[PDB]
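Coordinates in review
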Amino acid sequence: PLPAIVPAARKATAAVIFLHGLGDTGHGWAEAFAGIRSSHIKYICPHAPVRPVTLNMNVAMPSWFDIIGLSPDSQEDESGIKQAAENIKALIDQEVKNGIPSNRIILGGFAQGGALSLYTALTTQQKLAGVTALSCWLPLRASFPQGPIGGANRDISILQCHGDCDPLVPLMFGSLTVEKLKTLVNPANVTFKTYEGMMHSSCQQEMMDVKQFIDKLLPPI
Ligand SMILES: CCCCCCCCCCCCCCCC(=O)O
């Protein structure tokens, strides 16, 4: 259905597109971003389609792409990630058609959605304002060139968050992802923040770190 949105009180001069995690909807994150909303920023939380998930023996659940395993050597749904990223590209392009330029748009997500937002930002030619990647990883690591990506977003700013007690997406997945991100874009704009005791969820301190990151890269007027 239609994405869960936190409308800008005013006119929207910026936008945040946040992608939920596996099995979720956009409603919960939309409500979370309502608590850190800035009156000139529209917040968009799309809903992943219900689809079979291989690791659950194809029980159908909301998922941006198929998951085969949790190990860093598990085969990844290459065509699904790529096609899902193309859907997010279209979601960014329509916000531009409606008024908000892409360089006024932050793309982000949590876990599977955070993986998708990272892949999308690093492979699209639309210039984005930044990335907020929570408790996630870089999908299709080895498909990336061996140096900087170059192109639109080679200087994109990435705030990446992770809980140090995550049992599902281990903390070392995020830190290694941040190591890869530092070789893919300008490392002076890549921030890795860890939250002690936090598992595979979010905390208010992280939500306020996220707002501080959004408010600086997307200030008014
Ligand atoms: C960058 C190196 C580490 C990551 C290498 C690939 C690991 C992929 C496995 C992670 C799948 C996690 C399942 C999603 C959970 C959720 O969406 O909440």
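Presented here is an overview of the structure given in this document. (Residues numbered from 1 in each chain as written, not as in the entry; some residues may be left out. Heavy atoms only, no water.)

Moving on, we get to the pattern of salt bridges. What the rule picks out here adds up to 7 salt bridges. Ionic pairing is found between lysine 211 and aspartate 215, a salt bridge with its closest N-O pair at 2.9 Å. Note that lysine 211 and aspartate 215 are positioned in helix α5 (residues 204-217) at a spacing of 4 residues, about one turn of the helix. Looking at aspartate 215, the relative accessible area reads 27%, which means it is partly exposed. (Salt bridge = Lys/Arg side-chain N within 4 Å of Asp/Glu carboxyl O. Helix = DSSP H or I, 4+ residues; strand = E, 2+ residues; numbered from the N terminus. Buried < 20%, exposed > 50% of the residue type's maximum accessible area, 1.4 Å probe, protein only.)

We now examine the sheet that holds strand β6 (residues 105-110). Sheet architecture is open: 7 strands sit in the order β1-β3-β2-β6-β7-β8-β9, paired in mixed fashion. Two strands lie at the open edges of the sheet, namely β1 (4-6) and β9 (190-195), each paired on one side alone. Taking the axes of each pair of neighbouring strands and ignoring which way they run, one obtains an average angle of 15° across the sheet. The pairing of strand β7 (residues 130-134) with strand β8 (residues 158-163) spans 4 bridges and is classified as parallel. (Pairing = 2+ DSSP bridges. Axes fitted to C-alpha atoms, helices over the stretch in contact; angles between N-to-C directions.)

Lining the immediate surroundings of the ligand are 14 residues, of which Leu22, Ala111, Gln112, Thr177 and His200 lie closest. Between the ligand and the protein, one listed contact pairs an oxygen atom with a backbone N or O atom of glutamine 112 at 3.0 Å. The side chain of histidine 200 places a nitrogen or oxygen atom 2.9 Å from an oxygen atom of the ligand. Here the ligand has 550 Å² of accessible area as a free molecule, and 94% of this is covered by the chains. Among the cavities detected, the one that contains the ligand is the largest pocket. Looking at side-chain class alone, the shell around the ligand contains 7 nonpolar, 6 polar and 1 charged residues. (Near = heavy atom within 4 Å. Polar contact = N/O pair within 3.5 Å; in protein donor to acceptor, adjacent residues only side chain to side chain. Areas by Shrake-Rupley, 256 points an atom, 1.4 Å probe, with all protein chains shown as cover. 1 Å grid on protein atoms, 1.4 Å probe; cavity = no way out; pocket = protein on both sides within 12 Å on 5 of 7 lines; lining within 4 Å. Sits in = over half its atoms within 2 Å of the grid points. Nonpolar A, V, L, I, M, F, W, Y, C, P; charged D, E, K, R; others polar.)

Here the focus is the environment of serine 71. Tracing the backbone shows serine 71 in the loop between β5 (59-62) and α2 (78-98). Assessed through its relative accessible area of 41%, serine 71 is described here as partly exposed. Separated by 98 residues in the primary sequence, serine 71 and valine 169 place their C-alpha atoms 9.5 Å from one another. A polar side-chain atom of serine 71 sits 3.0 Å from the main-chain amide nitrogen of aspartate 73.

All right, on to the packing of aromatic side chains then. Two descriptors summarise a pair of aromatic rings, namely the distance from one centre to the other and the angle between the planes of the rings. Overall, the coordinates contain 6 aromatic pairs when judged by the stated rule. Each ring, one from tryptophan 29 and one from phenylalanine 33, has its centre 6.4 Å from the other, and the planes form 45°; the classification is tilted. Taken together, the positions of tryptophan 29 and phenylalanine 33, both in helix α1 (residues 27-34) and 4 residues apart, correspond to about one turn of that helix. The residues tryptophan 29 and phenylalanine 33 share a single accessibility class, namely buried. (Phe/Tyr/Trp six-rings, centres within 6.5 Å; stacked < 30°, edge-to-face > 60°.)

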